[PDB]
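# Structural description and commentary
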Amino acid sequence: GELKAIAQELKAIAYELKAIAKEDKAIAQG
Amino acid sequence: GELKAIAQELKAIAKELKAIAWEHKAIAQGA
Amino acid sequence: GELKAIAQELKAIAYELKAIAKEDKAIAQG
Amino acid sequence: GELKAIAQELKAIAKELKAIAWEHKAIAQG
Amino acid sequence: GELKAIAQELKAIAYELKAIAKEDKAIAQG
Amino acid sequence: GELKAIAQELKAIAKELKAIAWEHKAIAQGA
């Protein structure tokens, strides 16, 4: 279904943000 | 319900942005 | 309702982006 | 209507992102 | 259509993120 | 339909965010 496809894209977005939070903590450490 | 799944992923997104906001404050304030 | 729950999460998201903009402005003006 | 409310929150999100991009352009340049 | 309006706001969001990606690449590329 | 168009735009947003993550990794590690 299209609603599930929307939820799946939001999941993907959540994980790109996890990567960004990871890197930014690295930057705030260095 | 997939509408509830969508709300849940948006909640997750909010949480990550809050983490990012925290690190940006660190950078701003000298950490 | 579930539609309102989605709107509320998008409000939370706007709120956090507002925080990030604030911090990035302080960084940029420093 | 809650669909409208969702559109409005997306508007707010795009607004905050435009501010963030502004600040990052400043960092980039100066 | 309110669904159309949602898609349009999402398109605006993608646009601003594109801008932020360009600026952050510049910040990194030097 | 518009539900598909919405999933479309979300996909594009995830793409942009992936790019951002990579740039930030460069910054984090110098490049």
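In this document, residue positions are counted from 1 along each chain in sequence order, independent of how the entry numbers them, and residues without coordinates are left out. Think of it this way: whatever chain is written first is A, whatever ligand is written first is 1, and the rest follow in order. Hydrogens and water are ignored here; the side-chain numbers use all heavy atoms of the structure.

In terms of determination method and resolution, the entry is listed under X-ray crystallography at 2.0011 Å.

The deposited entry bears the title "Crystal structure of a hetero-hexamer coiled coil".

## Focus on the nonpolar core
Heads up, the rule is: Think of a nonpolar core as a cluster: buried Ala, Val, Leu, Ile, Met, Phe, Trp, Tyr and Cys residues, connected wherever their side-chain atoms sit within 4.5 Å. Buried means the residue's accessible area, taken with a 1.4 Å probe over protein chains only, is under 20% of the maximum for its type, while exposed means over 50%, and partly exposed covers the values in between. A run of H or I in DSSP counts as a helix once it spans at least four residues, and a run of E counts as a strand once it spans at least two, with each numbered from the N terminus.
Grouped together as the largest cluster of nonpolar side chains are 48 residues, with contacts concentrated most on A:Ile13, B:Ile13, C:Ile13, D:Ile13, E:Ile13 and F:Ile13. Listed by contribution, the elements that provide at least two residues to this core are α1 (2–29) of chain A, α1 (2–29) of chain B, α1 (2–29) of chain C, α1 (2–29) of chain D, α1 (2–28) of chain E together with α1 (2–28) of chain F.

## Some words on α1(F)
Put simply, the rule reads: Given a helix with a known number of residues, its expected span is that number minus one, times 1.5 Å.
The first and last C-alpha atoms of α1(F) sit 39 Å apart over 27 residues, in line with the 39 Å expected at 1.5 Å per residue. Phi for F:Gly30, located one or two positions after α1(F), is positive at around 90°.

## Side note on the interface of chain B and chain C
One frequent convention defines the size of an interface as the accessible area lost when the parts assemble. Heads up, the condition is: By the convention used here, residues are in contact when the closest approach between their heavy atoms is within 4.5 Å. Buried area: the accessible area, evaluated with a 1.4 Å probe, that two parts lose upon being put together, summed over both parts. By definition, a salt bridge exists where a carboxyl oxygen of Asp or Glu is found within 4 Å of a side-chain nitrogen of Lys or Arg. Note on residue categories: nonpolar means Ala, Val, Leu, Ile, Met, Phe, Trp, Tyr, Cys or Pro, charged means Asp, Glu, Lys or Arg, and polar means any other residue, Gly included.
Listed per partner, the contact involves 16 residues of chain B and 16 residues of chain C. Of the roughly 1,300 Å² buried at the junction of chain B and chain C (both faces included), carbon and sulfur atoms supply 77%. Where chain B meets chain C, there are 2 salt bridges. Of the charged contacts, one joins C:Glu23 and B:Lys25 as a salt bridge, the two residues approaching to 3.6 Å between their closest N and O atoms. Split by residue class, the side of chain B that touches chain C holds 11 nonpolar, 1 polar and 4 charged.

## Some words on the environment of C:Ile13
Summarising the element assignment, C:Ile13 is placed in helix α1. When its relative accessible area of 6% is taken as the criterion, C:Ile13 is described as buried. With 10 residues separating them in the primary sequence, C:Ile13 and C:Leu3 have C-alpha atoms 15 Å apart. If we ignore the near neighbours within four places in the chain, the residues touching C:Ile13 are B:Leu10, B:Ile13, B:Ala14, B:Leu17 and D:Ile13.

## Considering the packing of aromatic side chains
The following threshold applies: In summary, the pairing rule links any two rings of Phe, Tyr or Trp, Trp by its six-membered ring, whose centres are within 6.5 Å, and it sorts them by plane angle into stacked for under 30 degrees, edge-to-face for over 60 and tilted for everything else. By definition here, charges over rings are those cases where NZ of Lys or CZ of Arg is within 6 Å of the ring centre and within 35 degrees of the ring normal.
Applying the stated criterion across every chain, the model contains 0 aromatic pairs over all chains. The ring of A:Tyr15 has A:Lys18 sitting right over it, with the charged end atom 5.8 Å from the ring centre.

## Overview of the arrangement of the chains
Across the gap from chain A to chain D, with no contact made, the nearest C-alpha atoms are 14 Å apart. Spatially, chain B and chain D are disjoint, and the shortest separation between their C-alpha atoms is 12 Å.

## Details of the pattern of salt bridges
For the structure shown, the criterion picks out 9 salt bridges over all chains. Here D:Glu16 and C:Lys18 are joined by a salt bridge, their closest N and O atoms 3.1 Å apart. With D:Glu16 in helix α1 and C:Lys18 in helix α1, the pair connects residues from two separate chains. For D:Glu16, a relative accessible area of 10% translates into the label buried.

## Points about the interface of chain B and chain A
Spelled out, the test is: By the criterion applied in these results, polar contacts are pairs of N or O atoms within 3.5 Å in which, for protein atoms, one can donate a hydrogen and the other can accept it, and in which residues neighboring in sequence qualify only through two side-chain atoms.
Listed per partner, the contact involves 17 residues of chain B and 16 residues of chain A. Both faces considered, chain B and chain A share a buried interface measuring about 1,400 Å² in area, 75% of it formed by carbon and sulfur atoms. By the criterion of area lost to chain A, the three top residues of chain B are B:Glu9, B:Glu16 and B:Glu23, representing 36% of everything that side buries. Counting across the interface, chain B meets chain A through 2 salt bridges. For B:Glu23, the salt bridge goes to A:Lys25, with nearest N and O atoms at 3.4 Å. Remark: the boundary between chain B and chain A carries 3 residue pairs in polar contact. Considered class by class, the residues forming the side of chain B that touches chain A number 12 nonpolar, 1 polar and 4 charged.

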